[PDB]
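Enquirer: The sequence isn't on hand, but the structure is:
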Ligand SMILES: Nc1ncnc2c1ncn2[C@H]1C[C@H](O)[C@@H](COP(=O)(O)O)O1
Ligand SMILES: Nc1ncnc2c1ncn2[C@H]1C[C@H](O)[C@@H](COP(=O)(O)O)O1
Ligand SMILES: Nc1ncnc2c1ncn2[C@H]1C[C@H](O)[C@@H](COP(=O)(O)O)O1
């Protein structure tokens, strides 16, 4: 990825939901 | 390439992998560049009566330059080991030069505090002397190369050149060069510089040492069918036996008398020195007794002369007066350092093809012997070239020079860099660099006077050099093991080729290249 | 090829015919091979304190080898005549090696009678060093070549090689070679061996001699337009005539003073010897007064040095101290033979391009002459190479060496075999041969001990070598007849180049190659 | 290689000496057969090769195999008076076979001698085959096994005959031609 | 000069089936190759004998043998900066040459040779 100065290079993804068969854990920290 | 402010114009490429047939060395370092000569070209020259053999005339340029004419710039200690211990020979092939991540910081001394900030709108200028129109100042063992250790930062050297001179003065045929009269690419932050070069055909280096000798080349078991004269008088000496011409058939017994097909390499005798500071003469002779040449009535020391052996067997203490390259250990003043502070290189692998540097060359006749005259012998101290001579060149060490620009003259003999390496007609061109001058504050009234008030600023960024190396694999039917370079497995203080307690990389010893054996 | 017991695996091909443009020499001889070193590799070395310049270290191998590095191996006396008297020059082109009609005889000493019989189920082993991994021991004037006379039988020599050594001892960089670690073809009776080789590009030999001279190259009738200085003082000497600078225009009169474009070949002075055992000094100086070189602190005699002329005009009795190849007559001990038992070769055709071996080289200045100082002259005894020098190489004789393996070093000058012939990077590889060891009777109980009880046996058979030769025809506008080699038509005792009363071939004299004249 | 006639063309029952040792008791047989072995690295690698190998590779392993017997000669000896004469018995044969079904006791991999000489120029004597079986002291049990190598199909060779054999190693982990720079 | 392989015994269980003396543990290792001289009856009697034959002509066999083995290699991939230790011959002035025949033709292996000279991490 390649962008600029006043443009965030990512979002705050921190969440977890279940699939009954599996689970996805998303974590974001500073 | 063209991008923006908050976008890196390059990545950190520093690695090396092998192809068995060849090896690619990628190296990246961080560099810093000041403003040299205050944005000015200056005429430099020899001090008014300060020295005679050191007279000179030239100029100092506001430009800096990049250099990596050292093997340790590209190979790591380990890689160099693999290379040395496995290959008959090797050579340079391709080249990739890259400049990126440029930042121009301008500094201001306000009160008693130096503040440094970003001057984004400022540029830097690069160009490569590919037409070879600027004096080639590389291949002279100068400093300012790329750091052996990748983590180290370096300062970009300044460009200065010499010209024809008559003492402290110059001749009308001298030449003044302005690097501003060269088209150069100017770069802002986010701009990068690209360059690709292709090495010419140049003979592999000798990463080998001969297991045979010049005089020990024949068959130990069979006798020659040729005859030589070995007795001029000594007969059945008793009665009436003055003299008689007697010839012998060469045998394994007459080993140093047999007919020969080849001669040793040329020579230029060097003075013998001992490392023991008491074997030597109690006199200062590093100039009045050393071998030197002179041009235009100017003495110059013949430092790395023709390739000659350092010492004969069973000595290993007598080195030639500057008969080899000497490297200075890390942290050691440039002025009169101790013997235990330098690393002297031993050229004892070329004993079989080359004459000993300090020893003589041989015997020559110089009279018409007869009943009236006794035969005379002359000790030859200097030998030009001869039909039938065969020699091995010097050696390259992990920290030695790589290439050298063969001078553009009417004639050359065996154009191999005396300091060692690859002699190139057209070597990796010079890459120049300089901070674009920024005028400080100008007056509201017009001034014809030369501008000399500039904003103080320095540049910084990364540089990347990729080189491909062709390899010559080893094909020997030697039964017993050959000698290999290795680290001392013993319990040790510091680790060879490593940083210390306060972060300083240090190269313990010089590294030869000749560990593998090939015949004659 | 693969056939049976009662079927010859080859024919006797020995003949030579001419193509006017080239000549093919076919040669076949009968060979015999013993069991060398008792099926063992032995470490050989110099005697514990027997000699100093003759120290050595190497090994003795159970293998034999084939050699034909002598011209008389291929050319007959007559052919050599045609060749010499007709061609400007010549060279090697192709090669065909063939082994056949092999028979393995095993011998047993029963009581007081040696019985010899056939061991059909026994084999012999051949292989050719084409990768040049075994020390090249050929081109050293060794004996064991093919017999000059076709009817003669020869013994196949033994292979022995030398290595790097430190006196009587060896270095860790020395090399041990086992010829068993080479893939070899094993042959039973009815098997044969085949091999084809192709010579590289190598300059024709000089089967000619110059009719002009270096200094006698200009025009006898016209004067030069160049000027030289010939008078420094001698003026109209009488009144007030101390000195004056006077120049003359070169004329046919000032023949040895005219401007020159070229120089003679290099030189390395040799001592002058007389064939008359009374002209000489009453002292034994064949080592203490002879020209020699030294490597690694080891003296070696410079036998066939640079190509220099043997004697000046009107002498023909003074030969250089080993300044040429000397051949031994048939039937003459290897230890101190008489002067009337050897054949010394005269190099008196190269007088026009080469300096005299025993004589000096010339005059050199070595001071700044003036009113205060008298001009000084130095007799030059040793001259390296120089821009503008031109020389002729040595000569090849009917019984001289043919080729020589140019050593694999970093550098060579004028890589022509000092003993004469064709210098080859890749010369006709070495062909090895040895009788496959046959275990004698073994014990019913197992023994880990090295086996050393073998059946005694020797091999025999024929060998064939075919060589093609490219020729350089003669194109001269010489009006008068040139000199030709010829036999003495006079009533004679024995016939030149022939067997005697009890069957022994003998080569009367050495045969030069330079009988035809070409200009400069 | 050289091969004698072992056990005088006879299979012999061997066993422990009647009360000579206790932890060394044994029972087996001695066969008239010899065998080939090269279960030593120096049989294949030269000193130099071994160096290249060692100094360059993380690890290594065996893959394929090619066995060949040739140039066979059968010499018969006769002691006439006080002189041993040796000659050629062309019409005589030799017998080879390979235990590929692994039915004969595997006697290799026991550090025995008789391998191929480290040095190529050296000649060696072909060892003799002998095997052991279940034993109760100096005696044997009923469950012991007697093997006759003659009950195996074997190829007989005259002079000019040769023997051929190809084998393929199974999957076996590389050897550690390395040493750890870290510790546990 | 060490062993190469070893036949893993055919039992109900093994743990870490590596030859204790070192090398490659093989379920099915290079089979055994047998050799023997075919018995040749000496001179027989004109009268028939049921007795076991034990009079043979004394004879021995000889010839060549060839063994070709292919070896898979695992190359070295280390980012070690400083040099590693290597096996080498003593470059010093020496008596006899390591791994060589002597004055009367006897090959001799000076020292044992390890295999572990290169370093890898954990
Ligand atoms: N480093 C290097 N570069 C180029 N040539 C080398 C070098 N070292 C040795 N030589 C030799 C190889 C050629 O035979 C010869 C050409 O010389 P010339 O004067 O060009 O005819 O110079
Ligand atoms: N016998 C023989 N073989 C090869 N070359 C010869 C010989 N005799 C003379 N020369 C000359 C011919 C080439 O001009 C030169 C090449 O030298 P180089 O050092 O190869 O550049 O050497
Ligand atoms: N030389 C040798 N041969 C085979 N396996 C080896 C060897 N050395 C170590 N191992 C290990 C590798 C497998 O993970 C394990 C299988 O054991 P198992 O009992 O087979 O389940 O044994």
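Expert: Yes, it's here. Residues are numbered from 1 along each chain as shown, chains lettered A, B, ... in the order given. Ligands and ions are numbered 1, 2, ... in the order given.
Enquirer: In three-state terms, how would the residue nearest the centre of chain A be classified?
Expert: Most central in chain A under Cα atoms, centre = their mean is residue A:13, positioned 2.7 Å from the mean C-alpha point. For residue A:13, the assignment made with DSSP: H, G, I helix; E, B strand; the rest coil gives coil.
Enquirer: near chain B, anything from stretch A:5-12?
Expert: Yes - Stretch A:5-12 lies within reach of chain B by Cβ under 8 Å from any Cβ of the partner chain, at residue A:5. In short, each C-beta sits where N, CA and C put it, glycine included.
Enquirer: Skip the chain neighbours and tell me the closest residue to the residue nearest to the centre of chain A.
Expert: Leaving aside its chain neighbours, residue A:13 sits nearest to residue A:26 (4.9 Å; criterion: Cβ to Cβ, 6 or more residues apart in numbering or on different chains).
Enquirer: contacting residues around the one you found?
Expert: Contact partners of residue A:26, counting by Cβ atoms under 8 Å, 6 or more residues apart in numbering or on different chains, are A:13, A:14, A:15, A:16.
Enquirer: Roughly how far does it sit from chain D?
Expert: 34 Å (Cβ to the nearest Cβ, to the nearest Å).
Enquirer: Can you list the strands that whichever strand or helix holds residue A:25 pairs with?
Expert: Using DSSP states H and E, residue A:25 falls within strand A:23-26. With DSSP bridges as the test, strand A:23-26 is paired with strand A:15-18 (antiparallel).
Enquirer: Distance check, residue A:6 against ligand 3.
Expert: 56 Å (Cβ to the nearest ligand atom, to the nearest Å).
Enquirer: does that residue count as helix, strand or coil?
Expert: coil.
Enquirer: So what's the residue count around it?
Expert: When neighbours are counted by other Cβ atoms under 10 Å in any protein chain shown, residue A:6 registers 6.
Enquirer: Kindly report the same for the one 10 residues further on.
Expert: When neighbours are defined as other Cβ under 10 Å, residue A:16 has 9 of them.
Enquirer: was I right about it contacting residue A:22?
Expert: No - with contact defined as Cβ atoms under 8 Å, residue A:16 does not reach residue A:22; the gap is 11.3 Å.
Enquirer: Which part of chain A gets nearest to ligand 2, residue-wise?
Expert: Closest approach between chain A and ligand 2, counting by Cβ to the nearest ligand atom: residue A:2, at 54.7 Å.
Enquirer: give me phi/psi at the residue lying closest to that residue once chain neighbours are set aside?
Expert: Distances taken as Cβ to Cβ, 6+ apart put residue B:7 closest to residue A:2, at 5.9 Å, once the chain neighbours are dropped. Note on residue B:7: its backbone torsions stand at phi -150, psi 110 [degrees, to the nearest 10].
Enquirer: okay, now the residue of chain A found nearest chain C: neighbour count?
Expert: Residue nearest to chain C within chain A (Cβ to the nearest Cβ): residue A:2, separated by 50.6 Å. Residues near residue A:2, counting by other Cβ under 10 Å, number 9.
Enquirer: I'd like to know how far it sits from ligand 1.
Expert: For residue A:2, the distance to ligand 1 equals 44 Å [Cβ to the nearest ligand atom].
Enquirer: who touches the residue of chain A found nearest chain B in this structure?
Expert: Minimum separation of chain A from chain B (Cβ to the nearest Cβ) falls at residue A:5, amounting to 3.9 Å. Going by Cβ under 8 Å, 6+ apart, residue A:5 touches B:4, B:5, B:6.
Enquirer: at 10 Å what do you get?
Expert: Going by Cβ atoms under 10 Å, 6 or more residues apart in numbering or on different chains, residue A:5 touches B:4, B:5, B:6, B:7.
Enquirer: Check residue A:4 too.
Expert: B:3, B:4, B:5, B:6, B:7.
Enquirer: burial measure for residue A:17, as a count.
Expert: 8.
Enquirer: Show me the beta-bridge partners of it.
Expert: Counting by DSSP bridges, the residues bridging with residue A:17 are residue A:24.
Enquirer: In contact with it: list those residues for me.
Expert: Going by Cβ under 10 Å, 6+ apart, the list of residues near residue A:17 reads A:23, A:24, A:25, A:26.
Enquirer: wouldn't residue A:23 be in contact with residue A:16 here?
Expert: Yes - shown here, residue A:23 and residue A:16 form a contact pair, counting by Cβ atoms under 10 Å, at 6.6 Å.
Enquirer: Overlap in contacts, these two.
Expert: Overlap of the contact sets of residue A:23 and residue A:16 (by Cβ under 10 Å, 6+ apart) is empty.
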